[PDB]
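Chains as they are written, first to last, in PDB author numbering: chain d, 1 to 209; chain 8, 1 to 38; chain g, 2 to 177; chain j, 1 to 142.
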Amino acid sequence: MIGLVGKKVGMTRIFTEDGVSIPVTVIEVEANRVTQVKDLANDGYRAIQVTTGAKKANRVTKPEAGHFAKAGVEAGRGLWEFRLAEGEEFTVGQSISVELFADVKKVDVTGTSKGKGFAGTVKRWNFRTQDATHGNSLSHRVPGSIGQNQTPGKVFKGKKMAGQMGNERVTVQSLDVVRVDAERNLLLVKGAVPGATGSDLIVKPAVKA
Amino acid sequence: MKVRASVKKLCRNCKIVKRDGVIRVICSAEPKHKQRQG
Amino acid sequence: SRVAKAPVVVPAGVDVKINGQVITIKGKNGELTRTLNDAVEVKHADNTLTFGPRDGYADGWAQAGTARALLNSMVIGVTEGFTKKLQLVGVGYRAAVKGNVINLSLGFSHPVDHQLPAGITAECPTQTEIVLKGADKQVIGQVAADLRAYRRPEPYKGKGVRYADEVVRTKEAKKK
Amino acid sequence: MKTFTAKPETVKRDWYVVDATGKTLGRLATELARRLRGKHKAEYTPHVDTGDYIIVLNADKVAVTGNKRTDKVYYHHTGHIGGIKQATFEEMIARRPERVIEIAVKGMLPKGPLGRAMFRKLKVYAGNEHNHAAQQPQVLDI
RNA sequence: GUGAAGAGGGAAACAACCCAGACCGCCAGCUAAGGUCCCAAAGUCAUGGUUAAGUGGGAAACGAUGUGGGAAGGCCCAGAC
RNA sequence: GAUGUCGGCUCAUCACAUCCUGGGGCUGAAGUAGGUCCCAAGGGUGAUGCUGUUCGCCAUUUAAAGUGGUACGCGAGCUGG
RNA sequence: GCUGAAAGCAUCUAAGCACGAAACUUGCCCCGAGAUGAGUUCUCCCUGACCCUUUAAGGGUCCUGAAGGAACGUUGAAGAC
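Structure representation (C-alpha cells):
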C-alpha cells in the first residue's frame, strides 16, 4: 500500500498515564501531491509519483517546472514514487495527507543514515582490536590477516575492509505508530529512524507486520 | 530401513521391488525386513 | 497384457465417447474421463470395449492392461460407485460431517477440518465411523489416505484412524 | 592471384525467422550457429562476419530428449566465494526461456570479438510474435 | 625404442606415448596416426543390431523379476502357474 | 645465487564422513528419554585453573561446545613463550 | 502414499495422481542500464546566412549562444581529495 514522504523533525518522549515513557520520532508529513500516475499501458507498471514541501521558484529548472505544470501542482523539494497495489487508484493533482496512517499501527521508515566518512574495520565491522601492550608493534587497530596463502592466492571478493560507512539508504521495519496528528501534520513513531534531523523519510505501512 | 550394498529376501513374505532405480525389499510381515540398496 | 485380453462389458445405461485417446464415460453417477497412453488401442464394439497395443510401441501390452483396469474401474464408477469406510479408535476420538468438510477430534490442541474434493461425499453413521462415496476410485482412495494420515494407527493400542478392513498388528513393550 | 576475401562493407545479409517449437535444442542450435557464422555462403571468410540475421520464435517450446528436461543443469559462478549457482533446464525454461537457446548457440560459436559480433545477430523470442516486420524476414525451415 | 641431441601431425594442454625423420621456395596433389553435428578441415553417410544410465564421459567384492542372445530340463487342454 | 618454524592473536574461507537446530525409517520405540541408519551444510557451534604448548586433564556453562582442507590457512598482519 | 499393469495375484511406478525439510527458487533489506543486450516514462531547449571543392554522416567564414552545466563565493548532521 502506498506511503508518504515526511522529514525527521527530532526525537522526544510520550508519557503514558500508567507511567511508561515511549521514545518517539517526530515526522512532519505535509500533504503529498500526486504529480504523475503510471499505468501498465504506458509505463509497464502501476505507481504514483508524489511531491512534498516547497522550492524556490528561481531554484527550479525549466524541465522540472514544466513537469510540475502538467500536473497542475506547486513545485516541491523532490519527487518520489510509490508502487500501487491492485485496489488503489489515484488521480494527478490529488493531495494525500497524514490521515492515511490513521489506523495502520506499524510503519516502515526509510531514510539516509548519517555519514561516518571513511571508517576503519573496528568501527565498520566490529573487528576486535589486537593487544594494546605485550609486545604489539604498530598493530593495535589493524585488520590482521586478509587471506590464506598460495592456494587461494588472492583476497576473496566481499572481504570486510575499511571504507565509507553510513550515508546510505536504510530501512527500519515494524515501528509502532504512536500518534497520528492530522491538523499538525505529525506522525509519531516509537523508536529511532535513520538519518539526521531535517532529512527526508519515506513512511510505508509495514510489509511484514 | 536397512541401507546396504547387499539386499536380500530375509523371509518368504519379502518382495524385491525396483522403485525409481533403487532395488528395495518390502516385507508385509516383519517391518525390520525393509531394505533399500545404497 | 493378458489382463488386457479380457474385454470390459458395458452395461445398460452407460455410454462411451471416444476421441482417439481421451475417452468419456457417462452413467447414473456422473462424468468420468481420462486420456489413455499413446500406445493403446481402444475400440467400442457391441456393448464392450477392447484394448491392445499400437505398433512401434515397446511395452504396449503393459499400458493396455493398465488402460483396461482403469476403464473397468470407471464402469463400476458410474454405476453404484465406490465406498470406503474408516474407523476411529481411541478415547475422545470423534468425527462429524458439515456439508463438504469433515471435523476430526483426534487428540490435537487444534481442530482438524478436511475439505472433500468435488465428487466425494461423506457421512458418519456414528461419531467414530466415516463412510466415503464417489465415482472415482483413485480420488476416493486418495481421500481415505489423507484422512488416515492425520493419526496413523499406532502399534501399541491401535489408536488412530484406520480402514474398516485393516489389520493393525499391535505389540507389547517389554514384558508384563 | 590471391583468393577472394569478403569485404565487411559489402557483405549482404538476409533476415530469416525460425520457429523453434518441437525442435531438438542442440540440432537446432547447430544450424543456427552455422548460418550465423556464414558457413553456408560460398563467400565465407573466417575473419569477416558473413552470416545472416535469424529470428527465433517460440523459445519455450524447444525440446530435449531423454531425461534432460529435469537433469540438464546450468552452472554459473557470481564471482563471490559462495558463488556457484545452478538451475535445471525446467527452471530456466520457466524463468528466462530465451537463454537456453542463447547459451547453446553461444557455446557453438567462435570465441572472441568476431564470435560476439556473430551472436549479436541472433534474436530469440519466447512467443511467436516478433517486432521486426520492417526487415521482412523470410521463413526458414530447420 | 624414443628423448637427450628431432622439428611436423595426433593424444584438450602434455621431453620421453602413437604416426612420422624438417636442404630451400609454391595460395598444387595423395596419404599416416587420428578424425568427419558446431567451436574446427572432412559422412547430421549406408545397412543390421544393442544400450536408457547422459552408460558413453573414473572405481571392487557383492547385490537385484533392467533388458537383448544361446543350449538344454521340468511342469501342462487326462487342465499346468 | 634463502620457499621463515611450533603455539598464541587478528581475520577467515571451503568440504561433509552432521555436534546443535530441521525432516524421516527401524527399535529389544508405552510415555519421557534414548540406540541406530537415511536426508540435510541455512544459520550456530563456550569462559577458565595448569602447561610454550597443539593436545590433554580438571572447574563451571551451553541447544551444541563437530570433523577436516586451506604452505600442519594467516610473521612484506602482530607476538616470540 | 493413491490408483495400476508388465507378472489374472501382489506392487508408491512402468502410464497417471498426491504429500513431504532451516537445504534450492521466491517472499524481507541493499546495490544495480558500462544489462556495449548501454532499456522505459515525463518535461525543457535550439527551426540564420553564405562560401569552397576533394563532392559528403566534407570543410571553412559571418551572425547566433538556448535549455542546462561548470566555475567562483557563503557553506553542510556530506566529506581524505
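Beta carbons are placed, not taken as given, at the ideal position from N, Cα and C, and that holds for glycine.
Neighbour-count burial assignment, residue i, 16 or more Cβ in a 10 Å radius
| i | result |
| --- | --- |
| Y75 (chain j) | exposed |
| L25 (chain j) | buried |
| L50 (chain g) | buried |
| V3 (chain 8) | exposed |
| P194 (chain d) | buried |
| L117 (chain g) | buried |
| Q139 (chain g) | exposed |
| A96 (chain g) | buried |
| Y45 (chain d) | exposed |
| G111 (chain d) | buried |
| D18 (chain d) | exposed |
| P154 (chain g) | buried |
| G76 (chain d) | buried |
| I19 (chain g) | exposed |
| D141 (chain j) | exposed |
| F89 (chain j) | buried |
Distance between residue j and residue i (C-alpha atoms, nearest Å)
| i | j | result |
| --- | --- | --- |
| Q37 (chain 8) | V207 (chain d) | 48 Å |
| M161 (chain d) | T121 (chain d) | 6 Å |
| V29 (chain d) | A102 (chain d) | 13 Å |
| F82 (chain d) | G191 (chain d) | 24 Å |
| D39 (chain d) | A70 (chain g) | 55 Å |
| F156 (chain d) | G22 (chain j) | 44 Å |
| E91 (chain j) | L186 (chain d) | 48 Å |
| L175 (chain d) | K116 (chain d) | 25 Å |
| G163 (chain d) | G72 (chain d) | 45 Å |
| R55 (chain g) | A146 (chain g) | 35 Å |
| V189 (chain d) | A41 (chain d) | 38 Å |
| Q88 (chain g) | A165 (chain g) | 6 Å |
| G28 (chain g) | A13 (chain g) | 9 Å |
| residue 231 (chain g) | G120 (chain g) | This structure cannot speak to residue 231 (chain g), because chain g is shown only from 2 to 177. |
| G153 (chain d) | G147 (chain d) | 8 Å |
| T52 (chain d) | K7 (chain d) | 10 Å |
| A134 (chain j) | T65 (chain j) | 36 Å |
| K70 (chain d) | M165 (chain d) | 40 Å |
| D39 (chain g) | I24 (chain g) | 13 Å |
| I131 (chain g) | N73 (chain g) | 26 Å |
| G144 (chain d) | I84 (chain j) | 28 Å |
| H115 (chain g) | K86 (chain g) | 16 Å |
| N128 (chain j) | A117 (chain j) | 25 Å |
| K44 (chain g) | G142 (chain g) | 28 Å |
| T171 (chain d) | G198 (chain d) | 17 Å |
| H47 (chain j) | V139 (chain j) | 28 Å |
Cβ of residue i within 7 Å of any chain d Cβ
| i | result |
| --- | --- |
| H47 (chain j) | no |
| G79 (chain j) | yes |
Residue i at chain j interface by Cβ criterion, 7 Å
| i | result |
| --- | --- |
| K154 (chain d) | no |
| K160 (chain d) | no |
| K190 (chain d) | no |
| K70 (chain d) | no |
| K7 (chain d) | no |
| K157 (chain d) | yes |
*Report yes or no: do three or more beta-carbon pairs, one from the stretch 54 to 65 of chain g and one from the stretch 99 to 107 of chain g, lie closer than 8 Å?*
no
*Is it true that the stretch 169 to 177 of chain g meets the stretch 8 to 22 of chain j, where meeting means three or more beta-carbon pairs spaced less than 8 Å apart?*
Short answer: they don't touch.
*Touching or not, the stretch 125 to 134 of chain d and the stretch 20 to 32 of chain 8, by the rule of three or more beta carbon pairs under 8 Å?*
no
*When the Cβ atoms of the stretch 82 to 91 of chain d are set against those of the stretch 54 to 72 of chain d, are three or more pairs found closer than 8 Å?*
no
*Do three or more CB pairs link the stretch 89 to 103 of chain j to the stretch 36 to 54 of chain j at distances below 8 Å?*
no
*If you pair each beta-carbon of the stretch 60 to 72 of chain j with each one of the stretch 32 to 43 of chain j, do three or more pairs fall below 8 Å?*
no
*Do the stretch 93 to 100 of chain d and the stretch 15 to 35 of chain d make contact, defined as three or more Cβ pairs closer than 8 Å?*
yes
*asked:* Check whether the stretch 7 to 26 of chain d and the stretch 5 to 16 of chain 8 are in contact - that is, three or more C-beta pairs closer than 8 Å.
replied: no
*Counting only runs that start and end within the stretch 9 to 90 of chain g, where is the beta strand (DSSP E) found for 3 or more residues in a row?*
16 to 20, 23 to 27, 32 to 36, 41 to 45, 49 to 54, 83 to 90
*Assess, as a yes-or-no matter, whether the stretch 27 to 42 of chain g is touched by the stretch 29 to 36 of chain 8 under the definition of 3 or more beta carbon pairs within less than 8 Å.*
no
*Can you give, in chain order, each stretch of the beta strand (DSSP E) that sits fully within the stretch 120 to 188 of chain d and has at least 3 residues?*
The stretch 120 to 188 of chain d contains, as complete beta strand (DSSP E) runs of 3+ residues, the segments 163 to 165, 169 to 181 (chain order).
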